[PDB]
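Residue numbers (the authors' numbering), protein chains in the order written: chain A, 11 to 85; chain B, 318 to 482; chain C, 35 to 98; chain D, 20 to 60; chain E, 678 to 751; chain F, 2 to 81; chain G, 188 to 330.
Beta carbons: idealized from backbone N, C-alpha and C, even for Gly.
Since the structure comes first, as structure tokens, the remarks are kept for the end.
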Amino acid sequence: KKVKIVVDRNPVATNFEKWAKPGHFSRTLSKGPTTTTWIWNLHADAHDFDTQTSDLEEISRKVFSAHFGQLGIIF
Amino acid sequence: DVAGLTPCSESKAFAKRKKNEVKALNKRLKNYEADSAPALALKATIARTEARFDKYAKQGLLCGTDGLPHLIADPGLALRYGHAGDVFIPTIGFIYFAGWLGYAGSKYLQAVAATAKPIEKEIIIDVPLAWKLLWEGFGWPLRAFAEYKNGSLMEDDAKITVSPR
Amino acid sequence: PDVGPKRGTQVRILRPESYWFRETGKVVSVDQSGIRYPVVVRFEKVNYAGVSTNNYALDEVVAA
Amino acid sequence: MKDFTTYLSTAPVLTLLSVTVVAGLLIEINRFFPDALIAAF
Amino acid sequence: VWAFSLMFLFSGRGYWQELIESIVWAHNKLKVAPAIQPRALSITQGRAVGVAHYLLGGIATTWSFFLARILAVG
Amino acid sequence: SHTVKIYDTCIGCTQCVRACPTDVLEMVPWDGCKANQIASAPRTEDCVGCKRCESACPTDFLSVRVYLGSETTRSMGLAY
Amino acid sequence: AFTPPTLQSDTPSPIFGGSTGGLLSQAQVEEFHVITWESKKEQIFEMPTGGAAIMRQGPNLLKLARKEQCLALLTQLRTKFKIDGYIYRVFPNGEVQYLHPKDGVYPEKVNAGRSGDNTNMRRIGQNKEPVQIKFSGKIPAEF
Ligand code: CLA
Ligand code: CLA
Ligand SMILES: CCCCCCCCCCCCCCCC(=O)OC[C@H](COP(=O)(O)OC[C@@H](O)CO)OC(=O)CCCCCCCCCCCCCCC
Ligand SMILES: CC1=C(/C=C/C(C)=C/C=CC(\C)=C/C=C/C=C(C)/C=C/C=C(C)/C=C/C2=C(C)CCCC2(C)C)C(C)(C)CCC1
Ligand SMILES: CC1=C(C/C=C(\C)CCC[C@H](C)CCC[C@H](C)CCCC(C)C)C(=O)c2ccccc2C1=O
Ligand code: SF4
Ligand code: SF4
């Protein structure tokens, strides 16, 4: 009730640790590339935010920020 | 001449082709002030074309019935006719560079195989190790012939898995 | 007494219909009950199904 | 930093970087030594 | 590219897996096999690659044809 | 009417019998494995050929093995 | 010993609005299937032929064409509802079989008293060669 602005402060920490380790978002993708199918599924499931989290809140936040990235690319 | 092919420096069709291609570029020139950027670009192109046609004539490439350079792919029939730079020398050059890259990759595989997580050291390359092995790969003829004379280059088929016949 | 290969040693698979034919794997256990295939072997490399553990007999698991 | 350099060692970035370096090198060689049809030494 | 796409749309994964098996034997004989298994593309990925190449080839052919026609006449 | 066989490399993991959508495979007591159970295919008249059973077996090579054969209304999966 | 239950024909059916995926002419010439369960509350479920039905309190009966549709419905019930049901096969002459919970115990659990049909005691490559069994009206994997 009553439309308003609600935010969480600093939900995510701006690091580079997860760029060093590909496949962090998906539990199945974790534990190393035993086969090249891992390499392909790394990209095939990158934006599939549904399979990275069941929380609709986190899905929505990821969608919001991805839209900002798309706008930046268009600019 | 090696097989009815007169040297391009003698063939009239080769010089005729030179003439025609330059004349086309001159016709393209005759539309701009000879000091504008398009005019400078056209003049540079014509200079490049003239340099190429003189370079080809100097090196004695063989032209056919048409005015186009031909190459010889037989050692001996190209070494006794002064045409070893056509296929044999680039053959050596390629074989060398290809072997260099292949040996660098092969040794990197054999170096990261004996580690904790070999499937991890293929998607996250170790750049210092890759660069060291890339530098060591330059002597690949020597090292590869050493490993063949040693028998350590290859693996006996009794240890390679095979299909059920 | 204990039968078959020791626990932790490396063995060469000799079953011709196995994915790891003529490849080495480490023994993780050997059942003593009387199963046909009690030797349990672990490999580093997976097969097509994505598994890396398999049970073999004793005549087809030459050690070292 | 360490993680940034680890990211720069990943196959997607290092492959692309090496292809860019080799492409640039071939482009430079062809810019200075153009139209070379044979190995004239 | 379009014709290349047909590779992926008429073939099946099994042929490619056994072909890659022979290739991997060749690599094993020289101690250059990767620790990451070369696996043929999944069925879904084979179809996806095929359709991507088909559409790319067709659209690029039509694009180039249209542009050259309309920039040489018109 | 597909020919489903179960071989002694079975370890009785029950995966093949949970996978099957038509109830063709079943667990029976056995003694040639640690679980003391093996699979069996009595109701093979119901086998459609989906090979979900054969795609769940962890044994190498596969213990449950299907051989597609003669086609009937049950095997061809016809609702019309 | 075990005695399979009897198919009670007068059983309430789920509240369903009618579908285009129901029975066809094959249920009047060959045979069809019936699934019966017992619901602890009246709840909405997904009928395997498209649409949603509501299962009622107590005994529920629902007739489908293929056995596999019945087992799919039963798997849905076992996972999302923890309800156990029975699948009968009805012929159009009146005969009724009892199908899925054959021994009362589900197929994944050992019952001790089941038949080990089609269980070879050889591996997979220990079968005969096709050249040896040539002109036999069988396949190598049934010798
Ligand atoms: C350094 C890695 C390496 C090495 C040493 C070899 C070596 C060999 N390959 Mg092979 N291959 C490789 C990578 C490699 N390959 C990769 C990544 C692929 C996937 C595209 C293939 C796919 C492949 C096929 C399909 C075939 C071979 C075949 C062969 C054999 C014939 C030689 C040839 O011309 O192959 C050809 C080479 C290619 C087709 C692609 C080469 C890939 C690049 C150029 C090399 C990779 C270098 C690596 C990424 C850099 C690492 C450097 C390090 C510092 C990090 C030969 C023993 C043939 C065979 O069966 O044997 C007779 C064969 O048919 N290869
Ligand atoms: C409009 C296109 C687009 C957009 C908006 C996004 C957006 C996003 N992607 Mg994505 N992706 C895309 C295309 C896109 N992607 C494509 C085409 C692929 C092909 C495979 C992928 C593959 C991919 C993977 C595998 C992953 C993502 C992930 C992500 C999320 C994390 C982004 C991030 O934090 O990095 C920050 C972005 C910036 C700081 C801006 C600069 C971009 C990078 C850092 C440039 C670095 C390159 C650098 C210059 C060195 C290379 C150059 C040299 C080799 C010459 C994010 C919302 C990650 C994720 O979180 O999954 C949910 C993830 O793991 N993407
Ligand atoms: C003219 C334009 C041509 C494009 C036509 C598009 C048709 C293809 C549509 C298929 C849907 C693909 C998306 C879902 C993907 C999908 O479901 O496809 C299926 C396939 C794998 O899916 P699987 O069924 O194996 O999924 C199992 C996994 O999820 C479990 O781990 O994915 C791929 O095709 C490989 C992706 C590699 C592509 C990345 C390689 C590098 C390319 C980088 C990006 C290029 C630049 C982008 C432009 C700026
Ligand atoms: C001179 C010449 C020629 C040729 C001829 C002939 C006749 C040849 C042959 C040949 C032969 C008949 C051969 C055979 C062989 C065998 C073998 C066996 C091989 C091999 C190889 C390998 C083994 C490799 C290895 C490696 C390395 C070393 C590096 C990288 C890594 C690897 C491992 C890959 C011609 C005229 C065309 C052109 C010109 C030039
Ligand atoms: C050729 C082929 C293969 C083999 C394809 C392989 C092994 C993938 C080849 C990719 C190589 C290893 C990389 C080649 C790199 C290219 C120059 C560009 C790649 C583009 C990337 C961006 C993906 C299949 O696996 C397959 C599966 C199902 C149906 C049809 C087919 C099929 O036709
Ligand atoms: S899945 Fe294979 S090993 Fe497991 S019970 Fe079935 S036949 Fe036996
Ligand atoms: S093929 Fe399908 S229906 Fe037949 S036994 Fe296997 S899982 Fe059951």
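Give a yes or no on whether 7 angstroms exceeds the smallest Cβ distance from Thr44(A) to chain B.
Start at 1 with the first residue of the first sequence, and residue 44(A) comes out as number 34. Cβ-Cβ to chain B under 7 angstroms: yes for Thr44(A).
Considering only C-alpha positions, which residue in the set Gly422(B), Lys466(B) and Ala401(B) is nearest to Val709(E)?
Numbered from 1 along the fifth sequence, position 32 holds the residue referred to as residue 709(E). Selected option, being the one with the closest Cα: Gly422(B).
Given a cut-off of 7 angstroms, decide if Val49(F) and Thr73(F) are closer than it, judged by their beta-carbon atoms.
Mapped onto the sixth sequence, residue 73(F) falls at position 72. Mapped onto the sixth sequence, residue 49(F) falls at position 48. No, they are not a contact pair.
Chain-order list of residues whose beta-carbon lies under 7 angstroms from that of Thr61(A) (same chain, five-residue window excluded)
Counting from one through the first sequence, the residue named residue 61(A) turns up at place 51. Here the set comprises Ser36 and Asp55.
Could you please give me the residues that DSSP links to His220(G) through a beta bridge?
On the seventh sequence, residue 220(G) is found 33 positions in, with the first residue counted as 1. DSSP lists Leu251(G) and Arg276(G) as partners of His220(G).
Identify the residues that DSSP records as bridge partners of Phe232(G): which are they?
In the seventh sequence, the residue the question calls residue 232(G) occupies position 45. Beta-bridge pairing links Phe232(G) to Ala240(G).
Measure from the alpha carbon of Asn88(C) to the alpha carbon of each residue in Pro59(F), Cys54(F) and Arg53(F), then state which is nearest.
On the third sequence, residue 88(C) is found 54 positions in, with the first residue counted as 1. Looking at the Cα atoms, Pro59(F) is the closest of the given residues.
Closer than 6 angstroms to a non-hydrogen atom of ligand 6 - does that hold for the CB of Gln16(F)?
Numbered from 1 along the sixth sequence, position 15 holds the residue referred to as residue 16(F). Yes, the beta carbon of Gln16(F) sits closer than 6 angstroms to at least one heavy atom of ligand 6.
Relative to chain F, which residues along the stretch 287-311 of chain G have a C-beta separation below 7 angstroms, given in chain order?
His287, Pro294, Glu295, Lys296, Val297, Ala299, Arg301, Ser302, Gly303, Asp304, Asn305, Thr306, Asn307, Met308, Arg309, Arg310 and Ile311
Span separating the alpha-carbon of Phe278(G) from that of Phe219(G):
Position 91 of the seventh sequence, counted from the start, is the residue given in the question as residue 278(G). Position 32 of the seventh sequence, counted from the start, is the residue given in the question as residue 219(G). Cα-Cα distance, rounded: 7 angstroms.
Which value, in whole angstroms, describes the spacing of the CA atoms of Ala332(B) and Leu357(B)?
Locating residue 332(B) in the second sequence gives position 15, counting from the first residue. Locating residue 357(B) in the second sequence gives position 40, counting from the first residue. If you take the alpha carbons of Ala332(B) and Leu357(B), they lie about 25 angstroms apart.
Can you find a CB in chain B that lies within less than 7 angstroms of the CB of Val701(E)?
Residue mapping note: residue 701(E) aligns to position 24 of the fifth sequence, counting from 1. False, the Cβ-Cβ gap to chain B never drops below 7 angstroms.
Mind listing which residues of the stretch 705-722 of chain E have their C-beta closer than 8 angstroms to chain B's C-betas, in chain order?
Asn705, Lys706, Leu707, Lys708, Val709, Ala710, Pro711, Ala712 and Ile713
What do you get for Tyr373(B), buried or exposed, if any count of 16 or more other CB atoms within 10 angstroms of its CB means buried?
The residue you call residue 373(B) lines up with position 56 of the second sequence. Classification of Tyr373(B): buried, given that the 10 Å Cβ count is 16 or more.
Span of the alpha helix (DSSP H) holding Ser63(C)?
Within the third sequence, the letter at position 29 stands for residue 63(C). Where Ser63(C) is concerned, there is no enclosing alpha helix (DSSP H), although the beta strand (DSSP E) it sits in stretches over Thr58 to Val64.
Alpha carbons only, please: which of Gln195(G), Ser206(G), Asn307(G) and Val318(G) is nearest the one belonging to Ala239(G)?
Translated into positions along the seventh sequence, residue 239(G) becomes position 52. By alpha-carbon distance to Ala239(G), the top candidate from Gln195(G), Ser206(G), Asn307(G) and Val318(G) is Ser206(G).
Tell me, please, whether the CB atom of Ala239(G) is closer than 7 angstroms to any CB atom in chain F?
Mapped onto the seventh sequence, residue 239(G) falls at position 52. It does not: the Cβ of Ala239(G) has no partner Cβ on chain F nearer than 7 angstroms.
DSSP three-state call for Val38(D): helix, strand or coil?
Locating residue 38(D) in the fourth sequence gives position 19, where the first residue counts as 1. Helix at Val38(D).
8 angstroms Cβ cut-off: residues of chain A touching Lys434(B)
Start at 1 with the first residue of the second sequence, and residue 434(B) comes out as number 117. Per Cβ cutoff of 8 angstroms: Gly42.
I need the straight-line Cα distance from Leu33(D) to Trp29(A), nearest angstrom please.
Taking the fourth sequence and counting its residues from 1, one reaches residue 33(D) at position 14. Taking the first sequence and counting its residues from 1, one reaches residue 29(A) at position 19. Roughly 13 angstroms separates the two Cα atoms.
Test item: CB-CB of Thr45(F) and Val65(F) under 7 angstroms
Looking up residue 45(F) in the sixth sequence gives position 44. Looking up residue 65(F) in the sixth sequence gives position 64. Taking 7 angstroms as the Cβ cut-off, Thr45(F) and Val65(F) do not qualify as a contacting pair.
In the DSSP output, which residue or residues are listed as bridge partners for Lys6(F)?
Within the sixth sequence, numbered from 1, the residue matching residue 6(F) stands at position 5. Bridge partners of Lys6(F): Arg66(F).
Chain B contact for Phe55(C) (CB, 7 angstroms cutoff):
The residue you call residue 55(C) lines up with position 21 of the third sequence. So yes, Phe55(C) belongs to the interface.
Excluding sequence positions up to five away, which residues of its chain have a Cβ less than 8 angstroms from the Cβ of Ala395(B)?
As a working note, residue 395(B) is residue 78 in the second sequence. Only residues of its own chain outside the window of five on either side were considered, and among them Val319, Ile389, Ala401, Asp403, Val404 and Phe405 have a CB closer than 8 angstroms to the CB of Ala395(B), listed in chain order.
Rounded to whole angstroms, what is the Cα-Cα separation between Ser226(G) and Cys17(F)?
As a position in the seventh sequence, residue 226(G) is number 39, starting the count at 1. As a position in the sixth sequence, residue 17(F) is number 16, starting the count at 1. The straight-line gap from Cα to Cα measures roughly 29 angstroms.
Ligand 4 and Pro392(B): does the residue's C-beta get closer than 6 angstroms to at least one heavy atom of that ligand?
Reading the second sequence from its first residue, position 75 is the one you call residue 392(B). For ligand 4, at least one heavy atom lies less than 6 angstroms from the Cβ of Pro392(B).
Smallest Cα separation from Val75(C): which of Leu48(C), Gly59(C), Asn81(C) and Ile69(C)?
Counted from its first residue, the third sequence places residue 75(C) at position 41. The shortest C-alpha separation from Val75(C) is found at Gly59(C).
Note the first and the last residue of the continuous beta strand (DSSP E) segment covering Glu27(F).
By 1-based counting over the sixth sequence, the position of residue 27(F) is 26. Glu27 to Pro30 is the span of the beta strand (DSSP E), which, as asked, contains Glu27(F).
Cβ atoms of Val62(C) and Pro39(C): under 7 angstroms apart, would you say?
Your numbering for residue 39(C) matches position 5 in the third sequence. Your numbering for residue 62(C) matches position 28 in the third sequence. Against a cut-off of 7 angstroms, the Cβ pair of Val62(C) and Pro39(C) comes out as no contact.
Cα-Cα, which of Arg716(E), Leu707(E), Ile720(E) and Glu698(E) is closest to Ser469(B)?
For the purposes of this step, residue 469(B) is identified with residue 152 of the second sequence, where counting begins at 1. Answer by Cα proximity: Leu707(E).
Let's test the definition: count the other Cβ atoms within 10 Å of the Cβ of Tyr26(D) and tell me whether it reaches 16, buried, or not, exposed.
For this step, residue 26(D) is matched to residue 7 along the fourth sequence. Classification of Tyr26(D): buried, given that the 10 Å Cβ count is 16 or more.
Which of the three DSSP states is assigned to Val726(E) in this structure?
Within the fifth sequence, numbered from 1, the residue matching residue 726(E) stands at position 49. Correct three-state label for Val726(E): helix.
Do you know whose CA, among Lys250(G), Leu194(G), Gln195(G) and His287(G), lies nearest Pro201(G)'s CA?
Taking the first residue of the seventh sequence as 1, we reach residue 201(G) at position 14. For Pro201(G), the nearest C-alpha among the options comes from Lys250(G).
Across which residues does DSSP place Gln427(B) in a beta bridge pair?
Residue numbering aside, residue 427(B) sits at position 110 when the second sequence is read from its first letter. Paired residue(s): none; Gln427(B) is not in a bridge.
Comparing the CB of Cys11(F) with every heavy atom of ligand 6, is any distance shorter than 6 angstroms?
The residue labelled residue 11(F) in the question sits at position 10 within the sixth sequence. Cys11(F): yes, Cβ under 6 angstroms from ligand 6.
So, is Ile713(E) buried or exposed, given that buried needs 16 or more other C-beta atoms within 10 angstroms?
Walking along the fifth sequence from the start, residue 713(E) turns up at place 36. By the 10 Å Cβ count, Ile713(E) comes out buried.
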